[PDB]
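Chemist: Below you will find the structure I want to go over with you.
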Amino acid sequence: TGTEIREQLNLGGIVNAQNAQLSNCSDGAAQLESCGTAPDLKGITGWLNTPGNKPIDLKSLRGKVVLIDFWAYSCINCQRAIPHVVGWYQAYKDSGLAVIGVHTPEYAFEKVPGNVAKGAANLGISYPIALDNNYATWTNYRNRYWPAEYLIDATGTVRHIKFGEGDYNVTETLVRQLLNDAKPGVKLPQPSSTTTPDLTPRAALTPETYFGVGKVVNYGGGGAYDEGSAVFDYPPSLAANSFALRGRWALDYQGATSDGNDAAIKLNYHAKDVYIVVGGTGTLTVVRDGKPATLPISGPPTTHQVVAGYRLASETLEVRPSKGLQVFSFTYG
Amino acid sequence: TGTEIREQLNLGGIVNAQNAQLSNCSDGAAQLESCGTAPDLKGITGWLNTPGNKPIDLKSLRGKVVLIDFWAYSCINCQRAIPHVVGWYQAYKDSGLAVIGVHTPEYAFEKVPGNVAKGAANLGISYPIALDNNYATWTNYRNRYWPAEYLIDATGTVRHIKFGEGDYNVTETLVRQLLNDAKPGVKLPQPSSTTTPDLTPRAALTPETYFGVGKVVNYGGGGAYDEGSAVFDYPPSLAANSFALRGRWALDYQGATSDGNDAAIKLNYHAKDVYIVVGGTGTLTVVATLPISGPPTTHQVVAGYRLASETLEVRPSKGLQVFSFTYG
């Protein structure tokens with residue numbers, strides 16, 4: 001619980017000497033604001049896309065505009081947003097913009113450097129990536145969500161903080177301004193938003209559907225939802241925007257593992273697109289509106305799309321994962 | 001942590017069969033949305049401003065447009081919001097608007113119907129008040145913030161959900177539409193916003209400053225801040241948007257009770273106005289004297305010319321229980 005002025009930053013964690021002024025910025029403001037020296041990138045466990053994979057200290061980037069992009073490679077929101085950041089990096093890197101993709105993992109499998117690499121590569125990320133496997137940077141920045149952005153001017157001052165997915169032109173407008181502030185008279189190409197479509201969904205999709213025992217919020221099958229292995233069935237009626245389980249499942253704090261050959265997930269969802277975050281090796285059989293699809297699942301746990309709909313609508317879904325597949329979440333678009 | 005699309009609802013609690021569709025609305029949309037039958041007002045512990053303080057059942061308000069307004073009387077955001085709500089109610093109660101002020105206490109003292117009644121009166125609230133002392137309605141509605149608003153149409157369907165303070169015209173515009181859908185051709189006065197100013201601060205004030213042990217986030221004093229009594233002193237340097245203690249204090253989950261005669265609080269804030277939420281009887285001295293008595297509530301300790309980074313100190317007499325600093 002809390003109180004809130006609309007458009008206010010709802011900052012995570014606690015204030016320290018480094019990040020005490022962040023709250024002087026509001027959330028995704030259209031004009032530059034001033035909210036303190038950027039906090040250190042603390043406790044980064046590893047770096048990609050830098051020479052020798054050596055760290056970057058923010059102070060080495062004074063004189064440059066710095067964009068801090070919090071992301072996780074299996075987050076569908078981040079996947080939708082990152083082509084914009086890529087866009088910006090490619091348009092402005094030679095004009096004074098530096099970008100650091102702070103990868104703070106949502107799931108334990110996102111801690112694996114190799115998996116982050118493959119993710120960044122799928123997304124065409126060539127800017128420095130800081131692996132924040134211990135949330136040290138996330139905490140120090142008082143972040144609360146994926147995606148999130150902190151825009152730092154040539155002075156090392158945070159001027160713009162944006163939580164959540166969307167409003168790219170607002171941020172890019174400010175990026176262009178700060179690049180001029182750093183180098184007055186700088187000539188910039190047309191905005192990257194010219195050739196990068198905004199594919200942000202209407203913000204009324206089914207909320208992120210966690211299967212983890214400590215994050216689940218829309219398990220609608222009744223009975224307990226505790227960690228360990230048990231047998232489940234679908235309830236007489238499943239609520240909207242909710243899931244139920246059938247067959248035997250092993251639950252834990254990462255997600256729900258298929259522990260039998262009859263295992264199934266029923267999902268009522270409100271979205272255009274639906275993704276499952278699943279790991280392991282095996283087969284996903286998905287049934288929607290009497291139409292079945294079969295997806296081979298293997299390698300790095302990530303998002304696999306299971307519905308490519310025509311519009312935002314309420315629908316029902318069934319997914320049948322072969323034994324040993326581990327389901328982390330449903331996410332939406 | 002969690003993932004977010006901008007302007008999505010950040011609903012609290014969990015999904016039950018009564019509120020499952022709430023996430024089908026976004027946060028404060030300018031167009032009418034459709035996100036399910038309004039959930040029951042459940043576990044309401046008492047009622048004010050109804051006949052005989054009897055309960056109101058939402059199903060008996062079908063045919064009317066119904067604004068559910070979550071508030072707490074010591075919440076300064078809510079105090080700024082309520083005159084807009086009061087304004088809507090005065091303007092539209094005879095055109096089909098019902099207004100239910102669900103009072104969910106932010107603190108233990110806000111559980112006292114007396115204290116609530118007193119707060120409502122200072123805010124000129126004449127509409128029904130549902131006392132949500134066990135957070136059952138807050139929960140059933142999956143709310144997360146004071147203030148919050150859920151707008152229900154005459155068929156019982158939530159059509160608008162708005163978290164946080166501001167954008168009054170957006171909501172009122174939808175209220176007017178829903179009144180027309182409930183009673184086509186209905187004639188309405190000019191928007192209440194015409195004569196009720198929007199005094200919403202820039203959304204970059206110092207974050208609400210809790211003193212309760214469980215909710216503190218900006219104690220910049222260093223050292224322990226746990227339950228019990230102890231002696232304190234101002235740290236060598238105080239971080240911005242933070243507070244520091246001095247003298248003796250008893251620290252519970254509700255707040256920081258002033259013990260010794262020499263107790264003081266230093267605060268670096270970023271705001272135009274600063275208010276303290278303090279209980280107990282005695283004297284509050286700010287660096288000016290302000291006598292503190294009766295229902296624990298907000299007291300204004302700073303009324304500034306403009307939004308400023310500044311510092312203040314308050315010296316509360318023994319006994320005074322400080323719950324928070326809030327801002328404007």
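Starting from 1 in every chain, residues are counted up; chains themselves are A, B, ... following the order of the structure tokens, and ligands are numbered from 1 as listed.
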Using only C-alpha atoms, determine which residues lie at most 9 Å from residue 126 (chain B), disregarding the query and same-chain residues fewer than 5 positions distant; provide the list as a VMD selection string.
Modeler: chain B and resid 48 to 49 86 89 to 90 120 to 121
Chemist: Mind dumping the selected residues with C-alpha atoms as a CSV table (one decimal), in the first residue's frame?
Modeler:
chain,number,residue,atom,x,y,z
B,48,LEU,CA,-21.2,6.8,8.2
B,49,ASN,CA,-23.6,9.3,6.5
B,86,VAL,CA,-17.5,16.4,-2.8
B,89,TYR,CA,-21.5,14.6,-5.4
B,90,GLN,CA,-23.1,18.0,-4.8
B,120,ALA,CA,-15.0,13.7,7.0
B,121,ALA,CA,-16.7,16.8,8.5
Chemist: Would you give me, as a PyMOL selection string, the residues in region 36-278 of chain B that DSSP reads as helix (DSSP H, G or I)?
Modeler: chain B and resi 51-53+58-61+76-92+108-111+113-123+136-140+168-182+192-194
Chemist: What's around region 93-107 of chain A at 7 Å? Count only C-alpha atoms, leave out sequence neighbours fewer than 3 positions away in its own chain, and write the answer as an MDAnalysis selection string.
Modeler: chainID A and resid 64:72 89:90 110:111 127:133 135 138 179 254
Chemist: Any idea what's packed within 10 Å of residue 143 (chain A), counting only C-alpha atoms, ignoring anything in its chain fewer than 2 positions away? Could you give it as number ranges by chain?
Modeler: A: 9-13, 70, 135, 137-141, 145-150, 161-163; B: 1
Chemist: Measure the distance from CA of residue 119 (chain A) to CA of residue 152 (chain A) in Å and round it to one decimal.
Modeler: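 Separation between CA of residue 119 (chain A) and CA of residue 152 (chain A): 25.4 Å.
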Chemist: Which neighbours of region 216-227 of chain A fall inside 10 Å, counting only C-alpha atoms, when residues of the same chain fewer than 2 positions from it are skipped, and could you give them as JSON, numbers by chain?
Modeler: {"A": [206, 207, 208, 209, 210, 211, 212, 213, 214, 229, 230, 232, 233, 234, 235, 236, 237, 238, 239, 240, 241, 242, 243, 244, 245, 246, 249, 250, 251, 252, 253, 255, 256, 266, 267, 268, 329], "B": [12, 13, 14, 15, 16, 17, 20]}
Chemist: With a cut-off of 8 Å and counting only C-alpha atoms, select all residues of chain B in contact with chain A and give the selection as a count of residues only.
Modeler: 49
Chemist: Can you check which residues of region 27-161 of chain A DSSP gives as strand (DSSP E or B) on the backbone and send them as a ChimeraX atom specification?
Modeler: /A:27,37,46-48,65-71,97-103,129-131,145-146,148-152,157-161
Chemist: Within 9 Å of residue 317 (chain B), counting only C-alpha atoms, which residues qualify if same-chain residues fewer than 6 places away don't, as a PyMOL selection string?
Modeler: chain B and resi 258-263+281-285
Chemist: Would you write out those residues with N, CA, C and O atoms, as a short mmCIF file (atom, residue, chain, number, x, y, z; two decimals), in the first residue's frame?
Modeler:
data_model
loop_
_atom_site.label_atom_id
_atom_site.label_comp_id
_atom_site.auth_asym_id
_atom_site.auth_seq_id
_atom_site.Cartn_x
_atom_site.Cartn_y
_atom_site.Cartn_z
N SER B 258 7.97 10.57 20.62
CA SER B 258 8.96 11.45 21.23
C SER B 258 9.04 11.19 22.74
O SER B 258 8.04 11.31 23.46
N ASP B 259 10.22 10.83 23.20
CA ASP B 259 10.41 10.53 24.61
C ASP B 259 10.97 11.75 25.33
O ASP B 259 10.20 12.57 25.84
N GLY B 260 12.29 11.87 25.36
CA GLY B 260 12.95 12.96 26.06
C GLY B 260 12.47 14.35 25.70
O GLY B 260 11.80 14.55 24.68
N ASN B 261 12.82 15.32 26.54
CA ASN B 261 12.53 16.73 26.32
C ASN B 261 13.31 17.29 25.13
O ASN B 261 12.96 18.33 24.57
N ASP B 262 14.36 16.57 24.75
CA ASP B 262 15.32 17.05 23.75
C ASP B 262 15.19 16.32 22.41
O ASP B 262 16.13 16.32 21.61
N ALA B 263 14.05 15.69 22.19
CA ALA B 263 13.84 14.94 20.95
C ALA B 263 13.64 15.90 19.78
O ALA B 263 12.97 16.92 19.91
N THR B 281 -0.97 14.20 22.93
CA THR B 281 -1.24 15.55 23.43
C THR B 281 0.04 16.23 23.86
O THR B 281 0.89 15.63 24.51
N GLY B 282 0.19 17.49 23.48
CA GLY B 282 1.36 18.23 23.88
C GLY B 282 1.65 19.34 22.91
O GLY B 282 0.74 19.88 22.28
N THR B 283 2.93 19.65 22.76
CA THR B 283 3.34 20.79 21.96
C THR B 283 4.31 20.36 20.88
O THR B 283 5.22 19.57 21.12
N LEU B 284 4.10 20.89 19.68
CA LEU B 284 5.01 20.68 18.57
C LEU B 284 5.68 22.00 18.22
O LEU B 284 5.01 22.99 17.97
N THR B 285 7.01 22.02 18.22
CA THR B 285 7.73 23.24 17.92
C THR B 285 8.59 23.07 16.68
O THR B 285 9.40 22.14 16.60
#
Chemist: Do you have the CA of residue 34 (chain B)-CA of residue 181 (chain B) distance handy?
Modeler: 14.0 Å
Chemist: Could you name the residues that touch residue 155 (chain A) at 10 Å or less, counting only C-alpha atoms, but leaving out those on the same chain fewer than 5 positions away, as a PDB file with N, CA and C atoms, in the first residue's frame?
Modeler:
ATOM      1  N   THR A  37      23.081  13.185  -9.298  1.00  0.00           N
ATOM      2  CA  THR A  37      24.111  12.421  -9.971  1.00  0.00           C
ATOM      3  C   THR A  37      23.632  10.986 -10.117  1.00  0.00           C
ATOM      4  N   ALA A  38      23.891  10.379 -11.257  1.00  0.00           N
ATOM      5  CA  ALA A  38      23.494   8.992 -11.440  1.00  0.00           C
ATOM      6  C   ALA A  38      24.194   8.116 -10.418  1.00  0.00           C
ATOM      7  N   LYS A  59      31.450   7.403 -14.615  1.00  0.00           N
ATOM      8  CA  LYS A  59      32.256   8.622 -14.684  1.00  0.00           C
ATOM      9  C   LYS A  59      33.107   8.675 -15.947  1.00  0.00           C
ATOM     10  N   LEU A  61      32.099   8.184 -18.670  1.00  0.00           N
ATOM     11  CA  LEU A  61      31.187   8.581 -19.738  1.00  0.00           C
ATOM     12  C   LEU A  61      30.716  10.028 -19.611  1.00  0.00           C
ATOM     13  N   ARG A  62      31.295  10.781 -18.674  1.00  0.00           N
ATOM     14  CA  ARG A  62      30.999  12.207 -18.580  1.00  0.00           C
ATOM     15  C   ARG A  62      31.346  12.825 -19.919  1.00  0.00           C
ATOM     16  N   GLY A  63      30.528  13.775 -20.364  1.00  0.00           N
ATOM     17  CA  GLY A  63      30.681  14.364 -21.681  1.00  0.00           C
ATOM     18  C   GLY A  63      29.804  13.657 -22.702  1.00  0.00           C
ATOM     19  N   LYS A  64      29.295  12.497 -22.304  1.00  0.00           N
ATOM     20  CA  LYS A  64      28.345  11.771 -23.132  1.00  0.00           C
ATOM     21  C   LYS A  64      26.980  11.761 -22.479  1.00  0.00           C
ATOM     22  N   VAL A  65      25.937  11.691 -23.298  1.00  0.00           N
ATOM     23  CA  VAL A  65      24.603  11.417 -22.779  1.00  0.00           C
ATOM     24  C   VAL A  65      24.556   9.928 -22.500  1.00  0.00           C
ATOM     25  N   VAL A  66      24.077   9.541 -21.327  1.00  0.00           N
ATOM     26  CA  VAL A  66      24.039   8.126 -20.996  1.00  0.00           C
ATOM     27  C   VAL A  66      22.615   7.622 -20.777  1.00  0.00           C
ATOM     28  N   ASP A 181      22.765  19.602 -25.715  1.00  0.00           N
ATOM     29  CA  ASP A 181      23.310  20.241 -24.528  1.00  0.00           C
ATOM     30  C   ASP A 181      24.776  19.874 -24.346  1.00  0.00           C
ATOM     31  N   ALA A 182      25.121  18.635 -24.690  1.00  0.00           N
ATOM     32  CA  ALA A 182      26.497  18.159 -24.567  1.00  0.00           C
ATOM     33  C   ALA A 182      27.388  18.762 -25.646  1.00  0.00           C
TER      34      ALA A 182
END
Chemist: Between CA of residue 311 (chain B) and CA of residue 264 (chain B), what distance in Å does the model show, to one decimal?
Modeler: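 Separation between CA of residue 311 (chain B) and CA of residue 264 (chain B): 13.1 Å.
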Chemist: Nearest to residue 266 (chain B) among B:313, B:235, B:226, B:251, with distances taken over only C-alpha atoms: which residue is it?
Modeler: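 When distances to residue 266 (chain B) are compared using only C-alpha atoms, the smallest one comes from B:313.
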Chemist: A:80, A:272, A:288, A:118: which is nearest residue 317 (chain A), counting only C-alpha atoms?
Modeler: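 Among A:80, A:272, A:288, A:118, it is A:288 that comes nearest to residue 317 (chain A).
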